[PDB]
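The residues making up each chain are set out below.
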Amino acid sequence: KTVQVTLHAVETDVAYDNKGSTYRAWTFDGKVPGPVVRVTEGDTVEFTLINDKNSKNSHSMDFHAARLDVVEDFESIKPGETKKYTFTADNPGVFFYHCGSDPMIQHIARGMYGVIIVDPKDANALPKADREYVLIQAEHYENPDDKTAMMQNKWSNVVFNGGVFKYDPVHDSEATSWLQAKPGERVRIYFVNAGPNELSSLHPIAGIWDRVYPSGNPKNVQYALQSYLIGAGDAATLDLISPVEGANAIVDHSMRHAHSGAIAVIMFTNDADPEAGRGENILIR
Amino acid sequence: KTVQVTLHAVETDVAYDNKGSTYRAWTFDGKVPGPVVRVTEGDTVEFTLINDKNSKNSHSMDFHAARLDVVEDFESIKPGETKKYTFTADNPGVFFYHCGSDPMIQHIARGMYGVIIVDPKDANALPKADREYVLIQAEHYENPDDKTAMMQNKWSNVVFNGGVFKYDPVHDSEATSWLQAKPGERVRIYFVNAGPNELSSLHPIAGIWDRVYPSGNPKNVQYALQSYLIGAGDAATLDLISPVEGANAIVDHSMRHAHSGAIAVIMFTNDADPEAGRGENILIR
Amino acid sequence: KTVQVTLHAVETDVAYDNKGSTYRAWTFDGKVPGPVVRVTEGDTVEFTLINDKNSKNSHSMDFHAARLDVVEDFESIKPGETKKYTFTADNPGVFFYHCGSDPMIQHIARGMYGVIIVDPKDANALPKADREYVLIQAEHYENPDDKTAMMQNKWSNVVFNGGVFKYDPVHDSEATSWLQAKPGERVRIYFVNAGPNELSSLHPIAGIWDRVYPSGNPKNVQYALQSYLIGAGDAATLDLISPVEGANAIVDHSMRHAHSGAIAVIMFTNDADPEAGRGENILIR
Ligand SMILES: [Cu+2]
Ligand SMILES: [Cu+2]
Ligand SMILES: [Cu+2]
Ligand SMILES: [Cu+2]
Ligand SMILES: [Cu+2]
Ligand SMILES: [Cu+2]
C-alpha cells in the first residue's frame, strides 16, 4: 500500500527531566522523540517535510529505511519551505530516522530523531508480541548551542525517549511513566540508539533477552542474550518474557550511562493495563 | 539438580598488580573476581548472600543467569544480614554476576563481580574443550571512593581477573601467572566484561577465534573471528586452537586498554601442565 | 599456491588531508595505509620484512590472517635488519595487519597498518561483486610523538585510508577522490578498523548494507543492516547496492567521528569508470 507521512521541523521548548526542566529543542512535530512511523515491508512511503516558518535553521530528513540519494533527497530546506520525496520500505525491521542537516551531531542531539517500524510482510516471520514498546537512547548536552562539547562527547545525561530517568519510578519518585506487561507475555522492544556519539550495551536487569534481531530483521535472530550492543545510529528488536510478577530494569550496562539516566523499568503484574504497549501507546509520552 | 551457593560480601584489602600493591576492595568471598559458580542448564540454584558483620556498606547479588524480580530479589542487605533466593538456570552459556547495590558503578569497580557458567544440558552442543579458562575484564580506578572519576570514565588501568598484566610474563617479569595448552588442543575462554564502563575488542595476537558464542549460547555460533566485541556487562565463550608451539596474547585490541594492563599470554607447549585449565584451575589466581 | 610478500618499514612524510598537510609517518612501503595483500584461502604466504636502514625505530609485522607465535614471528627488528616468516591463510575473509612493535598504539597511529584479503577457496561462497573497495579507519593524532595523548584517546581526526575527508567531495571542495559504481551493481566494501582505540559504527547514508560478513567469513552472514559495529582491530566485508543514480555517504555514525573526517562518498552513475573498484584501484590513493 501507499502511505502518506507529513512531518514538521519545529524549534520549541521541551521537557527533558521529571522536575519539568526545559530545553531549546529542535524537533519533528514539536516533540522528542519524533512521531513513530509504522509501515509494512514493501509499502510506498510518500514523505513530506515542512520546515516551520518560525524556525531559525534549515532542516532535513534521513530515513534509514530509505534507499535514495543523499544529495537530492536528504537535502536541507529553509524555514518556510516544503520538501517531498517517495521511497519503498524494502526491508523489514526497525530503523533510525533523523534530520541530516549541518551539523548532524547537533540536529540529532537537539532532538531531531525518531523510529520507523517496518513490519514484515510475512506475519509469521516474528513470534507474536503481546506488548510493544519503543525506546530511543540519546545523549543530552547541557548547552544545545555548544558544538565543541558535542564533538568532545561531553554529555550531561544519557536518556531514553528524551527524558532523564523518564521510566524509572523505582529510583526517581517524580517519574510518572513505566513499561507494563503480564508474566508470560512476549514484550517486544523496538530500540534505537540515536547517539549522536555513544554506544549502548542494553541489558534487562533480572531478565534476559529471549531473542534479538539486528536491524529488526528476522533473518539475523540471536537467542538468549544477556546483553546486546547497539552502536550510534543503529537499531534492534529485543524480546523479553518474565516468568514472574515483579520488575526488570532495562539499562545501558555501561554504568556511567545508566547512572546518568539510561534506566527504564518494566513492571510485570497480573493487573497490567490492557492498553499499555498497544495501539498509540507504544512510545510512552 | 538443585545446588546450594553461598557467598559472603566481604570488604578487604586485595592485590591489583604484580608488585603487591593493595586496594580497599569490596568482594564476594574476599577475592577478586568472586568464586566461579558452575551449574547445568535447568538446574535450580538455592542462593545465599551473607553480608559480613564488619562491612560498612549494604550489598546485594545480581546473576545474569537468573530471571527474577529486580526489586525484591536483587535488594541490598545491611552488614550482618543474610538474604536467600532461588532461581533456575534456564539458558546455557556464560553470565556476568555482580553486586547490584547503590551505586552499581562503584560496587562493580571495587571488585564485586564474577562469572556463572551454565553448561548445556546437551553434552554435544559444544565441541569438547581440552582446556577452560575464565577471563574477566574490568577497569581499575585509583581511588575506590572517587565516584566522580568513575562517572567520568577516568580509570587508571584495564585488567583481567583483577590484576594489571596478571597473565603477561612476556612484558612484566614480575608476572607469575599465564594460560597453558598444547598445540592442537581446543582452549575455551569464558570471557566476561564486568566494566563498569568500557567495551572490549578481544583478539588473540598470533591466533584467531575458532568459534565465538554470544552469551555462551550454542545457537549463536560465529566462526573464525579475528576479534569479538564484548560490551560492558556482557559475556561470551571463545574457542582458540594453536597449530604450533609458542604463544598467543589475548588482548583488548583498543590499544589504550591493552597498554593499561589488558593482555593475557597463553603458552602453547608440549610440556603443558595437565592440571592447567582443568578442574579448580580455570580461573588462575 | 605459494605467494611471496615483501614489505619495507619506512619512516617518511605523508599527506593526511586535502590541502597537502604532511605528517612524520611510520609506514609499510612509504604509504598509508600499507599495500593491499591479497591471497586465496589455503595459500602459503612467504613473508619478508625489511626495516629501512634510515629508520630510527624497530618495527615488526602482525597479520590477523596468521596463526603463529607472537614471541618469535611477530618480533621487532632493528633498522637495517630483515626478518622472514611463513604462514598459511587458513581462513577466508578480511584481516587487519599492522606493526606489533613497542608501543603498538603509536606504531599503528603513525600509519603502520593495512589489510590482507583472503578470497574463499569456494568461488561461490560469496555473491559476485561488481566493485570492490578497501576502507581502513584510523584515528589521526596531531603530534605523532605524544604517546600520552594517544593513551588518553585525544585524537584530532578520524580518517579513512589515511586522509581527512579523502573521499568526500560533497563537503570538501578540495577532495579529489570518491568511490564509484552503477545502480544495481553489488559494491563490496572491505573494511578494517585499525583504531588504535576507537570503535566504528558503519552506515551508508541513503542506503543499507545488503549483507555483512564478520571477519569477511561467509559462514557469519547477516542481512539488511542499517549499521554494523566494528571494534578496534576488527574487520568486516559489507555489500552495498543502490537502486538509483545519486550518492550514498559511508560514515562512522558516531557523529563526532564522521565530523572529524570519517565520511566516504560513493557516486552511483550510469557512466561510472569501468576501472574503478577493480584490479589495482580497490584502495583509492
Ligand atoms: Cu535539523
Ligand atoms: Cu543516520
Ligand atoms: Cu556491593
Ligand atoms: Cu548486570
Ligand atoms: Cu613499527
Ligand atoms: Cu592486531
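Structural notes, computed from the coordinates. (Residues numbered from 1 in each chain as written, not as in the entry; some residues may be left out. Chains lettered and ligands numbered in written order. Heavy atoms only, no water.)

## Topic: unusual backbone geometry
Next, step 1: Cis geometry marks the peptide bond from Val-32 of chain A to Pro-33 of chain A; its omega dihedral reads -5°.
Next, step 2: Within the secondary structure layout, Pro-33 of chain A lies in the loop between strand 2 (22-28) and strand 3 (37-40).
Next, step 3: Following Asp-102 of chain B, the chain continues into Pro-103 of chain B via a peptide bond in cis, with omega recorded as -5°.
Next, step 4: Among the secondary structure elements, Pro-103 of chain B is positioned in the loop between strand 7 (93-98) and helix 1 (104-109).
Next, step 5: In this structure, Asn-161 of chain A is a non-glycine residue whose phi angle is positive, near 45°.
Next, step 6: In this structure, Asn-161 of chain A sits in the loop between strand 10 (157-160) and strand 11 (179-181).
Next, step 7: Under the relative-accessibility criterion, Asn-161 of chain A is labelled buried at 3%.
Next, step 8: Unusually for a residue other than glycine, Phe-165 of chain C sits at a positive phi of about 45°. (Helix = DSSP H or I, 4+ residues; strand = E, 2+ residues; numbered from the N terminus. Buried < 20%, exposed > 50% of the residue type's maximum accessible area, 1.4 Å probe, protein only.)

## Focus: the relation of the copies chain A and chain B
Next, step 1: Overlay of chain A on chain B (RMSD 0.1 Å): rotation 120°, translation along the axis 0.0 Å. Viewed as a symmetry operation, the transformation between the two copies matches a three-fold axis. Relative to the rotation axis, the closest C-alpha in chain A is found at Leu-229 of chain A, a distance of 4.9 Å.
Next, step 2: Comparing interface residues between copies, only 7% of those in chain A also sit at the interface in chain B, which points to a heterologous contact through distinct surfaces. (Least-squares fit on C-alpha atoms. Contact = heavy atoms within 4.5 Å.)

## Observations regarding the interface of chain C and chain A
Next, step 1: Each partner contributes residues to the interface: chain C has 30 residues there, and chain A has 36 residues.
Next, step 2: Note on chain C versus chain A: buried area summed over both sides is about 2600 Å², and carbon and sulfur give 59% of it.
Next, step 3: Taken together, the connections running from chain C to chain A amount to zero salt bridges.
Next, step 4: Counting every contact that joins chain C to chain A gives 19 residue pairs in polar contact.
Next, step 5: Of all the secondary structure elements, the ones that give two or more residues to the side of chain C that touches chain A are strand 13 (200-205), strand 15 (222-225), strand 18 (246-252) and helix 3 (255-259) of chain C.
Next, step 6: A breakdown of the residues in the side of chain C that touches chain A according to their chemical character gives 15 nonpolar, 13 polar and two charged. (Buried area = accessible area lost by both parts, 1.4 Å probe. Salt bridge = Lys/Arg side-chain N within 4 Å of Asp/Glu carboxyl O. Polar contact = N/O pair within 3.5 Å; in protein donor to acceptor, adjacent residues only side chain to side chain. Nonpolar A, V, L, I, M, F, W, Y, C, P; charged D, E, K, R; others polar.)

## Observations regarding the coordination of the copper ion (ligand 2)
Next, step 1: In the first shell of the copper ion (ligand 2), the protein supplies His-64 of chain A (NE2), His-98 of chain A (NE2) and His-253 of chain C (NE2), at 2.0 to 2.1 Å from the metal. Here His-253 of chain C lies in the loop between strand 18 and helix 3 and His-98 of chain A lies in strand 7 (residues 93-98), a pairing that spans two chains. In this pair, the class of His-98 of chain A matches that of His-253 of chain C, namely buried. (Donors = N, O, S within 2.8 Å, 3.2 Å for Na, K, Ca; no water.)

## Concerning the interface of chain A and chain B
Next, step 1: In this assembly, 30 residues from chain A lie in contact with 36 residues from chain B.
Next, step 2: For the pairing of chain A and chain B, the buried interface totals around 2600 Å² over both sides, and the portion due to carbon and sulfur atoms is 59%.
Next, step 3: Inspection of the region where chain A meets chain B yields zero salt bridges.
Next, step 4: Those elements giving two or more residues to the side of chain A that touches chain B turn out to be strand 13 (200-205), strand 15 (222-225), strand 18 (246-252) and helix 3 (255-258) of chain A.
Next, step 5: Across the side of chain A that touches chain B, the residue classes tally to 15 nonpolar, 13 polar and two charged.

## What about the pattern of salt bridges?
All names here are of chain A.
Next, step 1: What the rule picks out here adds up to 41 salt bridges over all chains.
Next, step 2: In this structure, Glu-185 and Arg-131 form a salt bridge, with 2.8 Å as the shortest nitrogen-oxygen distance. On the criterion of sequence distance, the pair formed by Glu-185 in the loop between strand 11 and strand 12 (187-195) and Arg-131 in strand 9 (residues 131-140) is long-range, its members being 54 residues apart. In this structure, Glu-185 and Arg-131 share a single accessibility class: buried.
Next, step 3: In this structure, a network of salt bridges that share partners links the residues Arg-186, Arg-188, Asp-210, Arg-211 and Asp-239.

## Things to note about the coordination of the copper ion (ligand 5)
All names here are of chain C.
Next, step 1: Within the protein, the atoms that donate to the copper ion (ligand 5) are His-59 (ND1), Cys-99 (SG), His-107 (ND1) and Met-112 (SD), at distances of 2.1 to 2.5 Å.
Next, step 2: Every donor counted, the four donor atoms about the copper ion (ligand 5) form angles of 85 to 133° at the centre, which fits tetrahedral coordination.
Next, step 3: Classification of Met-112 as buried rests on a relative accessible area of 0%. (Tetrahedral: all angles 85-135°; square planar, octahedral: opposite > 155°, others 65-115°.)

The values reported here are purely geometric and, on their own, carry no functional implication.
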